[PDB]
Amino acid sequence: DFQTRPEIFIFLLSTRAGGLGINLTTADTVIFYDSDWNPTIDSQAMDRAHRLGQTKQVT
DNA sequence: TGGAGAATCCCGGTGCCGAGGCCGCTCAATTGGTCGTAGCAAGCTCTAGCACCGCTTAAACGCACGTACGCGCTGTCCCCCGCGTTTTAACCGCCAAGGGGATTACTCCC
């Protein structure tokens, strides 16, 4: 759904269940409302956006 | 006695799902030796269980006889059954949820 249609603004996503898996490359912005103590997991989360096929500069 | 018709049975056909057998493996039953002890055995004590006698009188029995009560009979009526109608909720299927219990991560404390 999120990848299909640009009317959806925001994607709420838990850090561990949601950080690991598939591309989310029609986002452009990643907000850590809270940041994991293990920096790898925040890196995985950031790179669900910052990825091959990423549309725009990730902030 | 007959009959009609409903209700119960039987015969063969269909299919589905669970019973009966196969497979892999664990872990619980078996083999071997140890060691403690309890309960099997021999022995003594004296409890209390069984037997008998004799007496007392309360408890058991056989009988008379009255009447209280068990039982078959009669009448009624009411209320529970057999059957058609109306309706509701039990059953089935499919999706949701939540919860809880085991696991995994990450930090602080020792």
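Naming convention: chains lettered A, B, ... in sequence-line order (proteins, then strands); numbering from 1 in each chain. Only this structure's heavy atoms are used, side chains among them; waters, hydrogens and symmetry mates stay out.
- For B:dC71, classification of the furanose by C1'-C2'-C3'-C4' yields a south pucker, on the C2'-endo side.
- Considering every non-hydrogen atom in both A:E7 and A:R5, the closest pair reads OE2-NH1, 2.8 Å.
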Checklist entry - Reading nucleotides 98-104 of chain B 5' to 3', which nucleotides get B (base under 4.0 Å from a protein heavy atom), which S (sugar-phosphate only), which -? => result -------
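- Heavy atoms only, all atoms of each residue included: A:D36 and A:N38 are closest at OD1-N, 2.9 Å.
- The CG atom of A:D42 sits 14 Å away from the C1' atom of B:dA105 (whole-angstrom rounding).
- Look at the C1' atom in both B:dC95 and B:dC17: the space between them is 27 Å, to the nearest Å.
- Sorted by first and then second residue, the ring-ring contact (aromatic ring centres under 6.0 Å, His included) pairs with a member in residues 25-59 of chain A form an empty list; sequence neighbours excluded.
- The CZ-P distance, from A:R16 to B:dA105, rounds to 8 Å in whole Å.
- Nearest heavy-atom pair, A:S35 versus A:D42, reported as atom, atom and distance to 0.1 Å: OG-OD2, 2.6 Å.
- Here, B:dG5 and B:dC83 have their P atoms 15 Å apart, quoted to the whole Å.
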Just distance, no hydrogens or angles: give the donor-acceptor pairs under 3.5 Å from side chains in residues 22-30 of chain A, sequence neighbours left out.
| residue | atom | partner | partner atom | Å |
| --- | --- | --- | --- | --- |
| A:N23 | OD1 | A:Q3 | NE2 | 2.9 |
| A:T25 | OG1 | A:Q3 | NE2 | 3.4 |
| A:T26 | OG1 | A:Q3 | OE1 | 2.6 |
| A:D28 | OD2 | A:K56 | NZ | 2.8 |

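- B:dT107 atom P lies 10 Å from atom CD1 of A:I41, rounded to whole Å.
- The distance from atom CH2 of A:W37 to atom P of B:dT107 is 6 Å, rounded to the nearest whole Å.
- Atom name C1', nucleotides B:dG82 and B:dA6: the rounded distance is 14 Å, in whole Å.
- One finds the CG atom of A:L52 at 12.0 Å from the CG atom of A:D47 (value rounded to the nearest 0.5 Å).
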